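Below you will find one chain, with nothing else, as structure tokens; this is the form deposited in one PDB entry, and questions on how it binds or moves follow later.
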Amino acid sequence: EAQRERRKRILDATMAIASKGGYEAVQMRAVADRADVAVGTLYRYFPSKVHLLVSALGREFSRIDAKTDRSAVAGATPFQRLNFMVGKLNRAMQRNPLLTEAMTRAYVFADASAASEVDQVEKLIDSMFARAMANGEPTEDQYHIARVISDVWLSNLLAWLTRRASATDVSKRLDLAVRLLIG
């Protein structure tokens, strides 16, 4: 529980710093200072700012997940239920632009050294989207569909990040993808 509380402070600090200042603000020293941990302690659990940011996003997904029971996702059809989940996440993104910037940059820099962290996020977000579609245990294809929606999301955040697309554009792409996959 001493490891767990230290991790909690570190990810809390990451989220606060990113939401306040974007990717450039998330410096390892700044995070360790805010979290009241020694820097080495920080590096041992999270060797770079990518690992911090992706781990923090994973934690947010699991908080979202845990409050999201089967009945909480509104909709009679898979289409309705997925659209509702996507819509909620889309609005959360639009409400938190600096955080979105920090996470998007973290993803562009994520490499093999962060594969475990990226994989846990991917597993989590795909499970959320797949369980939203499914009435019981999801099918292989519902997992695959989740992965497609997640790739459309990332590629369009790439365009947003470099100032070639707006929020109108990203939402538009997501809503098309969902409809084309399961409308």
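In this text, rigid core is short for the largest set of C-alphas that superpose within 1.5 Å between two forms. Residue numbers here begin at 1 and follow the sequence given.
Per the compared records, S71 is unresolved in at least a third of the other entries whose models span it. If you average the C-alpha B-factors over 142 to 150 and over 64 to 72, the higher value belongs to 64 to 72. The mean C-alpha temperature factor is higher for 131 to 139 when 151 to 159 and 131 to 139 are set side by side.
For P78, the recorded CA B-factor ranks within the highest third of the chain. Only modelled residues enter the ranking. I10: CA B factor in the middle third of modelled residues in this chain (values from the PDB entry). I125 sits in the lowest third of its chain by CA B factor, as recorded in the PDB entry. Residue-level temperature factors show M93 in the lowest third of its chain, judged at the C-alpha atom. Among the modelled residues of its chain, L176 has a C-alpha B-factor that falls in the middle third according to the deposited record.
One more form of this protein exists, namely the form deposited in another entry; it is left out here, but the text below deals with it.
Relative to the superposed rigid core, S155 undergoes a CA displacement of at least 2 Å between the shown form and the other one. Remark: with the core as the superposition reference, the CA shift of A165 between the shown form and the other one reaches 2 Å or more.
With the core held fixed between the shown form and the other one, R70 has its Cα displaced by at least 2 Å. Note: the CA-CA distance for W160 and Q80 contracts in that other deposited form relative to this form, by 3 angstroms or more.
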